[PDB]
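Peer 1: data.txt is reproduced in full below (compact mmCIF, N, CA and C atoms and all ligand atoms).
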# COMPACT_ATOMS: atom_id res chain seq x y z
N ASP A 387 0.82 -1.20 0.00
CA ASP A 387 0.00 0.00 0.00
C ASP A 387 0.86 1.26 0.00
N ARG A 388 0.31 2.33 -0.57
CA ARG A 388 0.94 3.64 -0.58
C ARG A 388 0.04 4.71 0.05
N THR A 389 -1.09 4.32 0.63
CA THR A 389 -2.03 5.29 1.17
C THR A 389 -1.66 5.77 2.57
N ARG A 390 -0.66 5.17 3.20
CA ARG A 390 -0.16 5.62 4.49
C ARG A 390 1.16 6.35 4.30
N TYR A 391 1.64 6.94 5.38
CA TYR A 391 2.82 7.79 5.33
C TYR A 391 3.96 7.14 6.09
N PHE A 392 5.15 7.71 5.93
CA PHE A 392 6.31 7.30 6.71
C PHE A 392 7.37 8.38 6.62
N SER A 393 7.83 8.85 7.77
CA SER A 393 8.83 9.90 7.81
C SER A 393 10.15 9.45 7.21
N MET A 394 10.45 8.15 7.29
CA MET A 394 11.81 7.68 7.07
C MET A 394 12.35 8.12 5.72
N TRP A 395 11.56 7.96 4.66
CA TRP A 395 11.97 8.35 3.32
C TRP A 395 11.17 9.53 2.79
N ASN A 396 10.71 10.40 3.68
CA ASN A 396 9.83 11.49 3.26
C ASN A 396 8.64 10.93 2.50
N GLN A 397 8.14 9.80 2.96
CA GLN A 397 7.27 8.95 2.15
C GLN A 397 5.82 9.36 2.35
N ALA A 398 5.27 10.03 1.34
CA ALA A 398 3.84 10.27 1.25
C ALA A 398 3.54 10.66 -0.18
N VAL A 399 2.55 10.03 -0.78
CA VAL A 399 2.21 10.29 -2.17
C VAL A 399 1.18 11.41 -2.21
N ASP A 400 1.39 12.37 -3.10
CA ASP A 400 0.45 13.46 -3.26
C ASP A 400 -0.84 12.97 -3.90
N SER A 401 -1.92 13.69 -3.62
CA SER A 401 -3.24 13.32 -4.09
C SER A 401 -4.03 14.60 -4.30
N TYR A 402 -5.35 14.48 -4.39
CA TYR A 402 -6.20 15.65 -4.45
C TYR A 402 -7.57 15.29 -3.92
N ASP A 403 -8.33 16.31 -3.55
CA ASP A 403 -9.68 16.07 -3.08
C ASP A 403 -10.52 15.49 -4.21
N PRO A 404 -11.42 14.56 -3.91
CA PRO A 404 -12.31 14.06 -4.96
C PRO A 404 -13.21 15.14 -5.53
N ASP A 405 -13.93 15.86 -4.67
CA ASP A 405 -14.95 16.79 -5.15
C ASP A 405 -14.37 17.97 -5.91
N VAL A 406 -13.09 18.28 -5.73
CA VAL A 406 -12.50 19.37 -6.49
C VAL A 406 -12.38 19.01 -7.96
N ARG A 407 -12.01 17.76 -8.25
CA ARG A 407 -11.84 17.35 -9.64
C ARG A 407 -13.16 17.45 -10.39
N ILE A 408 -14.23 16.94 -9.80
CA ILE A 408 -15.57 17.10 -10.33
C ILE A 408 -16.47 17.56 -9.19
N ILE A 409 -17.05 18.74 -9.34
CA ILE A 409 -17.91 19.29 -8.31
C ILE A 409 -19.29 18.65 -8.42
N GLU A 410 -20.09 18.85 -7.38
CA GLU A 410 -21.48 18.43 -7.37
C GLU A 410 -22.34 19.63 -7.01
N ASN A 411 -23.63 19.51 -7.28
CA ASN A 411 -24.57 20.60 -7.04
C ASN A 411 -25.87 20.02 -6.53
N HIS A 412 -26.20 20.32 -5.27
CA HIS A 412 -27.49 19.97 -4.70
C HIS A 412 -28.14 21.17 -4.02
N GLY A 413 -27.58 22.36 -4.21
CA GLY A 413 -28.01 23.49 -3.41
C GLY A 413 -27.70 23.22 -1.95
N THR A 414 -28.68 23.48 -1.09
CA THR A 414 -28.56 23.16 0.32
C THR A 414 -29.96 23.15 0.91
N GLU A 415 -30.03 23.09 2.24
CA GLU A 415 -31.30 23.00 2.96
C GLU A 415 -31.39 24.22 3.87
N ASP A 416 -32.29 25.14 3.53
CA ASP A 416 -32.27 26.47 4.12
C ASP A 416 -33.67 26.99 4.42
N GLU A 417 -34.63 26.10 4.66
CA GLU A 417 -36.00 26.54 4.87
C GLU A 417 -36.08 27.50 6.05
N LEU A 418 -35.45 27.15 7.16
CA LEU A 418 -35.43 28.02 8.32
C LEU A 418 -34.44 29.15 8.08
N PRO A 419 -34.87 30.40 8.11
CA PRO A 419 -33.92 31.51 8.02
C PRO A 419 -33.12 31.63 9.30
N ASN A 420 -32.17 32.56 9.29
CA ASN A 420 -31.30 32.79 10.43
C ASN A 420 -31.26 34.28 10.73
N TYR A 421 -31.27 34.61 12.02
CA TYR A 421 -31.50 35.97 12.47
C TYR A 421 -30.47 36.40 13.49
N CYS A 422 -30.05 37.66 13.39
CA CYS A 422 -29.28 38.34 14.42
C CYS A 422 -30.22 39.26 15.20
N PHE A 423 -29.84 39.57 16.42
CA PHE A 423 -30.69 40.34 17.32
C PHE A 423 -29.85 41.37 18.07
N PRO A 424 -30.48 42.44 18.55
CA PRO A 424 -29.73 43.45 19.29
C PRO A 424 -29.27 42.90 20.63
N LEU A 425 -28.10 43.38 21.05
CA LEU A 425 -27.44 42.82 22.22
C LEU A 425 -28.37 42.82 23.42
N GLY A 426 -29.09 43.92 23.63
CA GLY A 426 -30.14 43.90 24.63
C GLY A 426 -31.29 43.00 24.24
N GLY A 427 -31.90 43.28 23.10
CA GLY A 427 -33.00 42.46 22.64
C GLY A 427 -34.15 43.24 22.05
N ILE A 428 -34.42 44.45 22.54
CA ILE A 428 -35.59 45.21 22.06
C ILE A 428 -35.22 46.51 21.41
N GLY A 429 -33.96 46.89 21.53
CA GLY A 429 -33.46 48.09 20.90
C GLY A 429 -34.33 49.31 20.95
N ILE A 430 -35.12 49.49 19.91
CA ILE A 430 -36.00 50.61 19.91
C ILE A 430 -36.82 50.59 21.18
N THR A 431 -37.47 51.69 21.50
CA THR A 431 -38.31 51.77 22.68
C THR A 431 -38.95 53.13 22.72
N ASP A 432 -39.79 53.39 23.70
CA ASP A 432 -40.48 54.67 23.72
C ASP A 432 -41.02 55.01 25.08
N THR A 433 -40.54 56.09 25.64
CA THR A 433 -40.95 56.46 26.98
C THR A 433 -42.39 56.15 27.30
N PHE A 434 -42.67 55.75 28.53
CA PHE A 434 -44.05 55.53 28.94
C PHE A 434 -44.28 55.96 30.39
N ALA B 1 -28.44 64.40 14.37
CA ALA B 1 -29.60 64.69 13.53
C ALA B 1 -29.89 63.53 12.60
N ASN B 2 -28.89 63.16 11.81
CA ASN B 2 -29.01 62.07 10.84
C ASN B 2 -27.98 60.99 11.17
N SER B 3 -28.38 59.74 10.98
CA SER B 3 -27.47 58.61 11.16
C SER B 3 -28.11 57.38 10.52
N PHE B 4 -27.47 56.23 10.72
CA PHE B 4 -28.05 54.97 10.27
C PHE B 4 -29.29 54.61 11.08
N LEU B 5 -29.43 55.18 12.27
CA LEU B 5 -30.50 54.80 13.18
C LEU B 5 -31.23 56.02 13.72
N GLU B 6 -30.61 57.19 13.61
CA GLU B 6 -31.26 58.46 14.04
C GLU B 6 -32.57 58.66 13.25
N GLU B 7 -32.58 58.20 12.00
CA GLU B 7 -33.79 58.31 11.14
C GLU B 7 -34.33 56.90 10.79
N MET B 8 -34.11 55.93 11.66
CA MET B 8 -34.61 54.58 11.42
C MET B 8 -35.48 54.11 12.59
N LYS B 9 -35.28 54.72 13.75
CA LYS B 9 -36.06 54.41 14.95
C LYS B 9 -37.40 55.15 14.90
N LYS B 10 -38.10 55.18 16.04
CA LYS B 10 -39.36 55.89 16.13
C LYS B 10 -39.15 57.39 16.00
N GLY B 11 -40.05 58.05 15.27
CA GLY B 11 -39.98 59.49 15.10
C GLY B 11 -40.52 60.25 16.30
N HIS B 12 -39.65 60.93 17.03
CA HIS B 12 -40.02 61.66 18.23
C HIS B 12 -39.40 63.05 18.19
N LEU B 13 -40.21 64.06 18.52
CA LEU B 13 -39.73 65.45 18.53
C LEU B 13 -38.72 65.66 19.66
N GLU B 14 -38.77 64.79 20.65
CA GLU B 14 -37.79 64.80 21.74
C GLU B 14 -36.53 63.98 21.32
N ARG B 15 -36.10 64.14 20.07
CA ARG B 15 -34.98 63.35 19.56
C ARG B 15 -34.22 64.02 18.41
N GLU B 16 -34.88 64.17 17.27
CA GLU B 16 -34.20 64.66 16.04
C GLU B 16 -34.15 66.21 15.98
N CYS B 17 -35.29 66.84 15.73
CA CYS B 17 -35.34 68.29 15.55
C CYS B 17 -35.28 69.07 16.86
N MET B 18 -34.07 69.34 17.34
CA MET B 18 -33.91 70.08 18.59
C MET B 18 -32.49 70.60 18.82
N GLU B 19 -31.47 69.76 18.63
CA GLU B 19 -30.08 70.13 19.09
C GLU B 19 -29.04 70.22 17.94
N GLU B 20 -29.48 70.39 16.70
CA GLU B 20 -28.52 70.52 15.56
C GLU B 20 -28.95 71.66 14.61
N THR B 21 -29.44 71.31 13.43
CA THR B 21 -29.92 72.31 12.48
C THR B 21 -31.43 72.21 12.29
N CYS B 22 -31.96 70.99 12.36
CA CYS B 22 -33.38 70.73 12.09
C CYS B 22 -33.77 71.30 10.72
N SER B 23 -33.11 70.77 9.69
CA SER B 23 -33.25 71.34 8.35
C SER B 23 -34.69 71.25 7.86
N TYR B 24 -35.28 70.06 7.90
CA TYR B 24 -36.62 69.87 7.35
C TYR B 24 -37.23 68.51 7.69
N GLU B 25 -38.55 68.43 7.60
CA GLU B 25 -39.34 67.14 7.69
C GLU B 25 -39.33 66.55 9.10
N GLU B 26 -38.19 66.59 9.78
CA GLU B 26 -38.10 65.99 11.13
C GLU B 26 -39.02 66.77 12.13
N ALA B 27 -39.55 67.91 11.69
CA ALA B 27 -40.58 68.61 12.45
C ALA B 27 -41.95 68.25 11.90
N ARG B 28 -41.96 67.59 10.74
CA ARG B 28 -43.19 67.17 10.09
C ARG B 28 -43.43 65.68 10.30
N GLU B 29 -42.35 64.91 10.39
CA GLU B 29 -42.44 63.43 10.61
C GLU B 29 -43.20 63.11 11.91
N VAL B 30 -42.79 63.74 13.01
CA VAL B 30 -43.32 63.48 14.34
C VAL B 30 -44.84 63.60 14.39
N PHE B 31 -45.39 64.49 13.57
CA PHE B 31 -46.81 64.80 13.62
C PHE B 31 -47.54 64.30 12.38
N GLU B 32 -46.78 64.05 11.31
CA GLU B 32 -47.37 63.81 9.96
C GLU B 32 -48.40 64.91 9.66
N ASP B 33 -47.91 66.11 9.35
CA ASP B 33 -48.77 67.28 9.19
C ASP B 33 -48.00 68.45 8.57
N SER B 34 -48.30 68.75 7.31
CA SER B 34 -47.63 69.82 6.59
C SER B 34 -48.31 71.18 6.76
N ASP B 35 -49.02 71.39 7.88
CA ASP B 35 -49.71 72.66 8.08
C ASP B 35 -48.82 73.66 8.81
N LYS B 36 -48.31 73.30 9.99
CA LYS B 36 -47.32 74.11 10.68
C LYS B 36 -45.90 73.64 10.38
N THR B 37 -45.67 73.08 9.19
CA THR B 37 -44.34 72.63 8.80
C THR B 37 -43.38 73.81 8.66
N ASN B 38 -43.83 74.89 8.02
CA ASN B 38 -42.98 76.06 7.81
C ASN B 38 -43.53 77.27 8.56
N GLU B 39 -44.34 77.01 9.57
CA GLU B 39 -44.86 78.09 10.45
C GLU B 39 -44.32 77.89 11.88
N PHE B 40 -43.26 77.11 12.00
CA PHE B 40 -42.73 76.73 13.31
C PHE B 40 -41.25 76.36 13.20
N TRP B 41 -40.85 75.83 12.04
CA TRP B 41 -39.46 75.47 11.83
C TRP B 41 -38.57 76.70 11.67
N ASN B 42 -39.17 77.85 11.36
CA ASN B 42 -38.44 79.11 11.40
C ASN B 42 -38.03 79.50 12.82
N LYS B 43 -38.61 78.86 13.84
CA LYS B 43 -38.35 79.19 15.23
C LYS B 43 -37.39 78.19 15.88
N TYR B 44 -36.40 77.71 15.13
CA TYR B 44 -35.42 76.79 15.67
C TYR B 44 -34.12 77.46 16.09
N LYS B 45 -33.73 78.56 15.45
CA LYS B 45 -32.44 79.20 15.70
C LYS B 45 -32.58 80.53 16.43
N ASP B 46 -33.41 81.43 15.90
CA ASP B 46 -33.42 82.83 16.31
C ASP B 46 -34.55 83.18 17.28
N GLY B 47 -35.38 82.22 17.67
CA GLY B 47 -36.47 82.49 18.58
C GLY B 47 -37.76 82.84 17.86
N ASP B 48 -38.82 82.98 18.65
CA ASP B 48 -40.14 83.22 18.10
C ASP B 48 -40.29 84.67 17.65
N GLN B 49 -41.36 84.93 16.90
CA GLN B 49 -41.61 86.25 16.33
C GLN B 49 -43.02 86.77 16.58
N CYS B 50 -44.02 85.90 16.74
CA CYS B 50 -45.39 86.32 17.01
C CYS B 50 -45.72 86.39 18.50
N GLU B 51 -44.82 85.96 19.37
CA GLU B 51 -45.09 85.95 20.81
C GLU B 51 -45.30 87.35 21.38
N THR B 52 -44.80 88.39 20.72
CA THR B 52 -45.03 89.75 21.15
C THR B 52 -46.40 90.27 20.74
N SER B 53 -47.08 89.58 19.82
CA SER B 53 -48.31 90.05 19.20
C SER B 53 -48.13 91.47 18.69
N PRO B 54 -47.32 91.67 17.64
CA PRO B 54 -47.13 93.04 17.14
C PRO B 54 -48.42 93.69 16.70
N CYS B 55 -49.35 92.90 16.18
CA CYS B 55 -50.66 93.40 15.80
C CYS B 55 -51.46 93.76 17.04
N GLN B 56 -51.87 95.02 17.14
CA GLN B 56 -52.76 95.45 18.20
C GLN B 56 -54.18 95.57 17.64
N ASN B 57 -55.10 96.11 18.45
CA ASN B 57 -56.50 96.29 18.04
C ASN B 57 -57.15 94.95 17.69
N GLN B 58 -56.80 93.91 18.46
CA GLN B 58 -57.32 92.55 18.26
C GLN B 58 -57.01 92.04 16.86
N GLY B 59 -55.72 91.98 16.54
CA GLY B 59 -55.26 91.47 15.26
C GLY B 59 -54.39 90.24 15.42
N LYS B 60 -54.67 89.22 14.61
CA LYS B 60 -53.95 87.96 14.67
C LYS B 60 -52.61 88.06 13.95
N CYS B 61 -51.75 87.08 14.24
CA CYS B 61 -50.38 87.07 13.74
C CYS B 61 -50.17 85.87 12.84
N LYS B 62 -49.21 85.99 11.92
CA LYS B 62 -48.83 84.92 11.01
C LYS B 62 -47.33 85.01 10.76
N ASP B 63 -46.63 83.90 10.92
CA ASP B 63 -45.17 83.92 10.86
C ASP B 63 -44.68 83.50 9.48
N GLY B 64 -43.79 84.31 8.92
CA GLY B 64 -43.12 83.96 7.68
C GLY B 64 -41.62 84.01 7.88
N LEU B 65 -40.91 83.37 6.94
CA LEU B 65 -39.46 83.22 7.04
C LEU B 65 -38.81 84.56 6.71
N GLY B 66 -38.96 85.51 7.63
CA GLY B 66 -38.37 86.82 7.50
C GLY B 66 -39.28 87.99 7.83
N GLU B 67 -40.58 87.89 7.55
CA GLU B 67 -41.50 88.99 7.78
C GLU B 67 -42.77 88.45 8.42
N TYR B 68 -43.49 89.32 9.12
CA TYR B 68 -44.66 88.94 9.90
C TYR B 68 -45.91 89.53 9.28
N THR B 69 -46.96 88.72 9.17
CA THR B 69 -48.26 89.14 8.66
C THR B 69 -49.17 89.45 9.84
N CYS B 70 -49.82 90.61 9.80
CA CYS B 70 -50.74 91.04 10.85
C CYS B 70 -52.14 91.18 10.26
N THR B 71 -53.04 90.30 10.66
CA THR B 71 -54.42 90.30 10.18
C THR B 71 -55.27 91.13 11.14
N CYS B 72 -55.67 92.31 10.69
CA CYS B 72 -56.54 93.19 11.45
C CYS B 72 -57.94 93.17 10.83
N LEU B 73 -58.94 93.43 11.67
CA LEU B 73 -60.33 93.18 11.30
C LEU B 73 -60.83 94.23 10.29
N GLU B 74 -62.12 94.16 9.97
CA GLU B 74 -62.72 95.03 8.97
C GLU B 74 -62.52 96.50 9.34
N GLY B 75 -61.96 97.26 8.41
CA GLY B 75 -61.62 98.65 8.65
C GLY B 75 -60.33 98.86 9.40
N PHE B 76 -59.65 97.79 9.80
CA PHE B 76 -58.37 97.87 10.49
C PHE B 76 -57.31 97.18 9.63
N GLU B 77 -56.15 97.81 9.50
CA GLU B 77 -55.03 97.20 8.79
C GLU B 77 -53.74 97.76 9.38
N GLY B 78 -52.62 97.47 8.71
CA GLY B 78 -51.32 97.93 9.17
C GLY B 78 -50.26 96.85 9.13
N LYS B 79 -48.99 97.26 9.13
CA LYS B 79 -47.90 96.29 9.18
C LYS B 79 -47.91 95.53 10.50
N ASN B 80 -48.29 96.22 11.58
CA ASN B 80 -48.58 95.62 12.87
C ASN B 80 -49.90 96.16 13.41
N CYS B 81 -50.92 96.22 12.54
CA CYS B 81 -52.17 96.92 12.79
C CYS B 81 -51.90 98.36 13.22
N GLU B 82 -51.00 99.01 12.49
CA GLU B 82 -50.49 100.33 12.84
C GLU B 82 -51.09 101.46 12.01
CA CA C 501 -31.00 62.87 18.72
CA CA C 502 -39.47 63.91 12.79
CA CA C 503 -36.99 63.46 12.81
Output the file's structure as structure tokens, nothing else.
Peer 2:
Amino acid sequence: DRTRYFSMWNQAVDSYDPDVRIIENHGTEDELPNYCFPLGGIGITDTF
Amino acid sequence: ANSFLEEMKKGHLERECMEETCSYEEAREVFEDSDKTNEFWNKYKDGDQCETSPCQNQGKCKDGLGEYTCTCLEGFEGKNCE
């Protein structure tokens, strides 16, 4: 095998990521949106 | 007066039109009313002008950006009902 490494002879074979050679496309899953909020929480306000 | 949030929050006269220039609208936003829009915004820098009631003989006052209108009754007129 050549899929493992060894320091003794600087032994490691170069490779590449699979998905980089051929990409895929499925979009993603994003039904739920994502929200930021004010550090306090209510920000605006109005004397009462 | 103006900012990313100075004109994005609630419109309150106790906020925008008071401590800078109060150029325009921020005296109209608070009330949503273009009637005293330019009959009151002239009184932001130099003080009021009709508070003295220059018109005598029971004559009403009207403020303009530089000159004052004095409405005196039938048979009465004048620059200050004078
Ligand atoms: Ca302010
Ligand atoms: Ca306003
Ligand atoms: Ca305003």
Peer 1: Run DSSP on the backbone of this structure and report the residues of chain A it assigns to alpha helix (DSSP H), as a list in words.
Peer 2: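 Output for chain A, alpha helix (DSSP H) only: residues 404, 405, 406 and 407 of chain A.
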Peer 1: Once you count only C-alpha atoms and all ligand atoms, what closest atom pair and distance in Å to one decimal does each residue of chain B within 10 Å of ligand CA 501 (chain C) have, with rows by chain and rising residue number, as JSON lines?
Peer 2:
{"residue": "B:1", "atom": "CA", "partner": "C:CA501", "partner_atom": "CA", "distance": 5.7}
{"residue": "B:2", "atom": "CA", "partner": "C:CA501", "partner_atom": "CA", "distance": 8.2}
{"residue": "B:3", "atom": "CA", "partner": "C:CA501", "partner_atom": "CA", "distance": 9.4}
{"residue": "B:5", "atom": "CA", "partner": "C:CA501", "partner_atom": "CA", "distance": 9.8}
{"residue": "B:6", "atom": "CA", "partner": "C:CA501", "partner_atom": "CA", "distance": 6.4}
{"residue": "B:7", "atom": "CA", "partner": "C:CA501", "partner_atom": "CA", "distance": 9.3}
{"residue": "B:12", "atom": "CA", "partner": "C:CA501", "partner_atom": "CA", "distance": 9.1}
{"residue": "B:13", "atom": "CA", "partner": "C:CA501", "partner_atom": "CA", "distance": 9.1}
{"residue": "B:14", "atom": "CA", "partner": "C:CA501", "partner_atom": "CA", "distance": 7.7}
{"residue": "B:15", "atom": "CA", "partner": "C:CA501", "partner_atom": "CA", "distance": 4.1}
{"residue": "B:16", "atom": "CA", "partner": "C:CA501", "partner_atom": "CA", "distance": 4.5}
{"residue": "B:17", "atom": "CA", "partner": "C:CA501", "partner_atom": "CA", "distance": 7.6}
{"residue": "B:18", "atom": "CA", "partner": "C:CA501", "partner_atom": "CA", "distance": 7.8}
{"residue": "B:19", "atom": "CA", "partner": "C:CA501", "partner_atom": "CA", "distance": 7.3}
{"residue": "B:20", "atom": "CA", "partner": "C:CA501", "partner_atom": "CA", "distance": 8.6}
Peer 1: Using N, CA and C atoms, can you export the residues from the last selection as an mmCIF file, in the frame of the given file?
Peer 2:
data_model
loop_
_atom_site.group_PDB
_atom_site.id
_atom_site.type_symbol
_atom_site.label_atom_id
_atom_site.label_comp_id
_atom_site.auth_asym_id
_atom_site.auth_seq_id
_atom_site.Cartn_x
_atom_site.Cartn_y
_atom_site.Cartn_z
ATOM 1 N N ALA B 1 -28.440 64.400 14.370
ATOM 2 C CA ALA B 1 -29.600 64.690 13.530
ATOM 3 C C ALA B 1 -29.890 63.530 12.600
ATOM 4 N N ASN B 2 -28.890 63.160 11.810
ATOM 5 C CA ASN B 2 -29.010 62.070 10.840
ATOM 6 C C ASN B 2 -27.980 60.990 11.170
ATOM 7 N N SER B 3 -28.380 59.740 10.980
ATOM 8 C CA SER B 3 -27.470 58.610 11.160
ATOM 9 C C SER B 3 -28.110 57.380 10.520
ATOM 10 N N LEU B 5 -29.430 55.180 12.270
ATOM 11 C CA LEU B 5 -30.500 54.800 13.180
ATOM 12 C C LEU B 5 -31.230 56.020 13.720
ATOM 13 N N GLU B 6 -30.610 57.190 13.610
ATOM 14 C CA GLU B 6 -31.260 58.460 14.040
ATOM 15 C C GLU B 6 -32.570 58.660 13.250
ATOM 16 N N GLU B 7 -32.580 58.200 12.000
ATOM 17 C CA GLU B 7 -33.790 58.310 11.140
ATOM 18 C C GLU B 7 -34.330 56.900 10.790
ATOM 19 N N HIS B 12 -39.650 60.930 17.030
ATOM 20 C CA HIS B 12 -40.020 61.660 18.230
ATOM 21 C C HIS B 12 -39.400 63.050 18.190
ATOM 22 N N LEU B 13 -40.210 64.060 18.520
ATOM 23 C CA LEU B 13 -39.730 65.450 18.530
ATOM 24 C C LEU B 13 -38.720 65.660 19.660
ATOM 25 N N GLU B 14 -38.770 64.790 20.650
ATOM 26 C CA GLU B 14 -37.790 64.800 21.740
ATOM 27 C C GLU B 14 -36.530 63.980 21.320
ATOM 28 N N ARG B 15 -36.100 64.140 20.070
ATOM 29 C CA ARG B 15 -34.980 63.350 19.560
ATOM 30 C C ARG B 15 -34.220 64.020 18.410
ATOM 31 N N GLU B 16 -34.880 64.170 17.270
ATOM 32 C CA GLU B 16 -34.200 64.660 16.040
ATOM 33 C C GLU B 16 -34.150 66.210 15.980
ATOM 34 N N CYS B 17 -35.290 66.840 15.730
ATOM 35 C CA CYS B 17 -35.340 68.290 15.550
ATOM 36 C C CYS B 17 -35.280 69.070 16.860
ATOM 37 N N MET B 18 -34.070 69.340 17.340
ATOM 38 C CA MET B 18 -33.910 70.080 18.590
ATOM 39 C C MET B 18 -32.490 70.600 18.820
ATOM 40 N N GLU B 19 -31.470 69.760 18.630
ATOM 41 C CA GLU B 19 -30.080 70.130 19.090
ATOM 42 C C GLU B 19 -29.040 70.220 17.940
ATOM 43 N N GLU B 20 -29.480 70.390 16.700
ATOM 44 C CA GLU B 20 -28.520 70.520 15.560
ATOM 45 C C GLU B 20 -28.950 71.660 14.610
#
Peer 1: Pick out the closest residue to ligand CA 502 (chain C) from this set: B:23, B:29, B:47, B:9. Count all atoms listed in the file.
Peer 2: B:29
Peer 1: Work out where the centre of an axis-aligned box around every listed atom of region 418-432 of chain A lies and how long its edges are once 8 Å is added on each side; give both in Å to one decimal as AutoDock Vina command-line options.
Peer 2:
--center_x -34.2 --center_y 41.1 --center_z 16.1 --size_x 29.6 --size_y 43.9 --size_z 33.9
Peer 1: Go through B:36, B:79, B:62, B:10 and flag the residue nearest ligand CA 503 (chain C), using only N, CA and C atoms and all ligand atoms for the distances.
Peer 2: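 Closest to ligand CA 503 (chain C), using only N, CA and C atoms and all ligand atoms: B:10.
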Peer 1: Since the input has fewer atoms than a full residue there, write region 30-41 of chain B out with N, CA, C and O atoms, as an mmCIF file, in the coordinates of the input.
Peer 2:
data_model
loop_
_atom_site.group_PDB
_atom_site.id
_atom_site.type_symbol
_atom_site.label_atom_id
_atom_site.label_comp_id
_atom_site.auth_asym_id
_atom_site.auth_seq_id
_atom_site.Cartn_x
_atom_site.Cartn_y
_atom_site.Cartn_z
ATOM 1 N N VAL B 30 -42.790 63.740 13.010
ATOM 2 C CA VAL B 30 -43.320 63.480 14.340
ATOM 3 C C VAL B 30 -44.840 63.600 14.390
ATOM 4 O O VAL B 30 -45.513 62.894 15.145
ATOM 5 N N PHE B 31 -45.390 64.490 13.570
ATOM 6 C CA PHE B 31 -46.810 64.800 13.620
ATOM 7 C C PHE B 31 -47.540 64.300 12.380
ATOM 8 O O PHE B 31 -48.757 64.123 12.398
ATOM 9 N N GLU B 32 -46.780 64.050 11.310
ATOM 10 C CA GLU B 32 -47.370 63.810 9.960
ATOM 11 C C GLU B 32 -48.400 64.910 9.660
ATOM 12 O O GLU B 32 -49.641 64.658 9.726
ATOM 13 N N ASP B 33 -47.910 66.110 9.350
ATOM 14 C CA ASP B 33 -48.770 67.280 9.190
ATOM 15 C C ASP B 33 -48.000 68.450 8.570
ATOM 16 O O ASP B 33 -47.166 69.065 9.228
ATOM 17 N N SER B 34 -48.300 68.750 7.310
ATOM 18 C CA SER B 34 -47.630 69.820 6.590
ATOM 19 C C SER B 34 -48.310 71.180 6.760
ATOM 20 O O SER B 34 -48.197 72.033 5.881
ATOM 21 N N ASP B 35 -49.020 71.390 7.880
ATOM 22 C CA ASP B 35 -49.710 72.660 8.080
ATOM 23 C C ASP B 35 -48.820 73.660 8.810
ATOM 24 O O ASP B 35 -48.576 74.762 8.299
ATOM 25 N N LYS B 36 -48.310 73.300 9.990
ATOM 26 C CA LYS B 36 -47.320 74.110 10.680
ATOM 27 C C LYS B 36 -45.900 73.640 10.380
ATOM 28 O O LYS B 36 -45.010 73.784 11.231
ATOM 29 N N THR B 37 -45.670 73.080 9.190
ATOM 30 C CA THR B 37 -44.340 72.630 8.800
ATOM 31 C C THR B 37 -43.380 73.810 8.660
ATOM 32 O O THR B 37 -42.241 73.764 9.138
ATOM 33 N N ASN B 38 -43.830 74.890 8.020
ATOM 34 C CA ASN B 38 -42.980 76.060 7.810
ATOM 35 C C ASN B 38 -43.530 77.270 8.560
ATOM 36 O O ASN B 38 -43.211 78.409 8.218
ATOM 37 N N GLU B 39 -44.340 77.010 9.570
ATOM 38 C CA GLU B 39 -44.860 78.090 10.450
ATOM 39 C C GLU B 39 -44.320 77.890 11.880
ATOM 40 O O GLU B 39 -44.883 78.458 12.861
ATOM 41 N N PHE B 40 -43.260 77.110 12.000
ATOM 42 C CA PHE B 40 -42.730 76.730 13.310
ATOM 43 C C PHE B 40 -41.250 76.360 13.200
ATOM 44 O O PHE B 40 -40.489 76.557 14.146
ATOM 45 N N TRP B 41 -40.850 75.830 12.040
ATOM 46 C CA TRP B 41 -39.460 75.470 11.830
ATOM 47 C C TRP B 41 -38.570 76.700 11.670
ATOM 48 O O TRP B 41 -37.349 76.610 11.830
#
